[PDB]
Structure formats: C-alpha cells, structure tokens
Amino acid sequence: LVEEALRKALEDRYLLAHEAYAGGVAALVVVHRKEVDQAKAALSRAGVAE
Amino acid sequence: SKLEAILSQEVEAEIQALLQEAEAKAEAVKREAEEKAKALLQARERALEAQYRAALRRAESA
Amino acid sequence: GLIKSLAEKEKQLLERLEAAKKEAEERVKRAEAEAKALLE
C-alpha cells in the first residue's frame with residue numbers, strides 16, 4: 152500500500168527500502184528536498200506515517 | 002538513477018543563473034565607471050575653459 | 021539499497037553549484053578593481 156502510493160506520486164525517483172527485524176520491517180522512503188511534499192502526500196493515502 | 006538525473010538538472014539550471022548574474026553586475030559596475038569618469042573630465046574641461054577666456058579678458062582689460 | 025550513491029550525488033552537485041557562485045563573485049571583485057583603476 153505504501154509502495155503503490157509512492158509510485159503514483161513520486162514516479163520512481165525515490166528509494167523504497169525495507170528489512171525485517173521483529174517489530175515489523177523498518178521502511179524508508181527517500182526523496183529529494185523538492186519532492187518532499189509529494190512523498191509525504193503519498194504516505195498520507197497509504198495510512199502509514201512518519 | 003532517475004533520482005540523480007533530476008538532481009543534476011535541478012542544480013545545473015541554478016548554475017546558469019549564478020554565473021550570468023555575477024557577470025552582468027560586474028559589467029554594470031565597469032560601465033558605471035566609464036560614465037563617471039567621462040562626466041568629470043568634461044566638467045573640468047568646462048570650468049577651466051571658461052576661466053581661461055575670462056582670465057584673458059581681465060588681462061586684456063588691464 | 022543504492023541510497024549511499026544518490027546521497028553522494030547531492031554533495032557533488034552542491035559543490036558544483038557552490039563553485040559556480042564563487043568564481044561568479046570573483047568576477048565582481050574583478051570589476052571592482054577596474055572601477056577604481058579607470059578613475060585613478
């Protein structure tokens with residue numbers, strides 16, 4: 152859900168990474184400082200948040 | 002990748018604005034000087050020339 | 021995770037932008053020299 156949201160908003164100009172460690176998987180979205188607004192907006196839809 | 006392409010182009014158009022911006026502000030300074038001096042060399046030409054004709058006048062009258 | 025790579029790209033670019041600005045303002049310090057000289 153986060154990936155699909157990210158893809159539509161950002162295009163593919165972001166780095167989406169995840170690894171498990173117990174307690175879910177820690178995930179990161181990386182964007183340029185210019186893409187920030189869009190990147191966060193993608194997250195708002197997904198329902199996961201900072 | 003595509004991430005770095007956009008970052009390059011973003012930075013590069015800013016480069017194009019810094020360089021021209023400094024240059025024109027340098028040229029305008031350069032060109033200010035040319036005017037500044039010209040009006041001065043004229044101004045001291047004027048004053049001395051009249052004070053020349055008029056000076057000789059006072060002599061002529063003497 | 022590429023990550024490291026693109027977070028280097030933002031450094032290189034910044035120091036290229038930086039470098040443009042510096043030599044740019046040098047040109048201004050250059051026009052300052054002539055501006056005194058041409059009057060002197």
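Respectively, the protein sequence lines represent chains N, L and K.
For the first sequence, PDB author numbering assigns the number 152 to the initial residue and increments by one for each residue that follows.
For the second sequence, PDB author numbering assigns the number 2 to the initial residue and increments by one for each residue that follows.
For the third sequence, PDB author numbering assigns the number 21 to the initial residue and increments by one for each residue that follows.
For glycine and all other residues, C-beta sits at the position ideal for the given N, C-alpha and C.
Neighbour-count burial assignment, residue i, 16 or more Cβ in a 10 Å radius
i: N/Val187; result: exposed
i: K/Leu33; result: buried
i: N/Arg164; result: buried
i: K/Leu59; result: exposed
Amino acids of chain K, ordered along the chain, whose beta-carbon sits closer than 7 Å to that of residue i
i: L/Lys26; result: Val48
For residue i, the residue or residues it bridges with in DSSP
i: N/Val181; result: N/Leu166
i: N/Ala171; result: N/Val176
Under 8 Å from the C-beta of residue i: neighbouring residues of chain L
i: N/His183; result: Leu4, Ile7, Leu8 and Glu11
Closer than 9 Å at the beta carbon, the chain N residues around residue i
i: residue 112 of chain K; result: Because residue 112 of chain K is not part of the residues shown, which for chain K are 21 to 60, the question remains open.
Chain L residues whose Cβ lies nearer than 7 Å to that of residue i
i: N/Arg164; result: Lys3, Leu4 and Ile7
i: K/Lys41; result: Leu19
Listed by chain order, chain K residues near residue i by CB distance under 8 Å
i: N/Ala168; result: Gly21 and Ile23
i: L/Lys39; result: Here the premise fails: no neighbours, minimum Cβ distance about 10 Å.
Cβ-heavy atom distance, residue i to the ligand ZN, below 7 Å
i: L/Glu28; result: This structure lacks the ligand ZN; in fact it carries no ligand of any kind.
Query raised in the report: Which residues, taken in chain order from the region 26 to 38 of chain K, show a beta carbon closer than 8 Å to some beta carbon of chain L?
Result: Residues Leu26, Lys29, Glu30, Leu33, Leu34, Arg36 and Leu37.
Report task. Would you check if the region 31 to 38 of chain K and the region 14 to 23 of chain L touch, i.e. whether three or more CB-CB distances between them fall below 8 Å? Result -> By the C-beta criterion, the region 14 to 23 of chain L is judged to be in contact with the region 31 to 38 of chain K, since at least 3 inter-stretch pairs fall below 8 Å.
Query raised in the report: Is the region 175 to 183 of chain N touching the region 40 to 48 of chain L in the sense that three or more CB pairs, one from each, lie closer than 8 Å?
Result: The region 40 to 48 of chain L vs the region 175 to 183 of chain N: no contact.
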